[PDB]
Every structure is written in structure tokens, then in C-alpha cells.
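Novice:
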Amino acid sequence: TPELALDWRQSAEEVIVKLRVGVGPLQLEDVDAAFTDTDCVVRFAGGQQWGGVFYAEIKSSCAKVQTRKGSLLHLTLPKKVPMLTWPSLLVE
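If you read the sequence shown in the authors' numbering, its first letter stands for residue 113, the second for the next number, and so on.
1. Can you list, in chain order, the residues of its chain whose CB lies under 7 Å from that of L184, leaving out five sequence neighbours each side?
2. Which of the three DSSP states is assigned to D149 in this structure?
3. Who are the near neighbours of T148 in its chain, counting only those whose CB is closer than 6 Å to its CB and skipping five residues on each side?
4. Just mark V177 as buried or exposed, buried being the case when its beta carbon has 16 or more other beta carbons within 10 Å.
5. Contact defined as beta carbons within less than 8 Å: I believe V153 pairs with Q161. What is the distance between those atoms, to the nearest angstrom?
6. Taking DSSP as the reference, what is the three-state secondary structure of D144?
7. Does the Cβ of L202 lie closer than 7 Å to at least one heavy atom of the ligand SAM?
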């Protein structure tokens, strides 16, 4: 979680997005994440919104957790497609 920008990761295990909120007050709305059996949306309280797109399956990856508490917005995303090369970090 850098003090320069934002920390995210994708690994064979999980998609992590940690976003720092400078959008004034932190409200529960501060991540709007839409996850479908074939797609995903990550939304920041402002305009920092990311996602992914799948053709199939993902309702296990529809399982998502996000942390808010301060300056950190954290999505724990179960593995979408492990060892498979994605078109982009966020594909939406």
C-alpha cells in the first residue's frame, strides 16, 4: 500500500485492489463492486473504477470482500483464471 499511489495485485490465488480514498469522507459506498458470473466491477467513491470480464463460471470469483476503515480500500478476490494471461489488469 504505497504512499505514492495504490496497491493492487493479481496472483494465481487472488485479485487484490487497495485504493486510498482522498474523496473527502469515507462512506460505505466507497467501493461499489459488481461481480457477475461472467464479469466484475470495482468502484471507488470517486472515479477510480476497475473490473474484469469473463465468459463463464465466475460466481466463486463473485465472492468478494472489501475493506474500508481509513485510507485503504481492499478487495480480496478469489482466483479468476490462474496461470492464465489476462488481456489487462482490469478487463472491463
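In this text, a Cβ means the ideal position worked out from N, Cα and C, and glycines have one as well.
Specialist: Quick look at the numbers:
1. Here the set comprises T113, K130, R132.
2. Coil, per DSSP.
3. Excluding residues up to 5 positions away in sequence, nothing lies with its Cβ nearer than 6 Å to the Cβ of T148 in the same chain.
4. So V177 ends up on the exposed side.
5. Between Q161 and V153 the Cβ distance is about 7 Å, and since that is below 8 Å, they are a contact.
6. Of the three classes helix, strand and coil, the one that applies to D144 here is coil, per DSSP.
7. This structure lacks the ligand SAM; in fact it carries no ligand of any kind.
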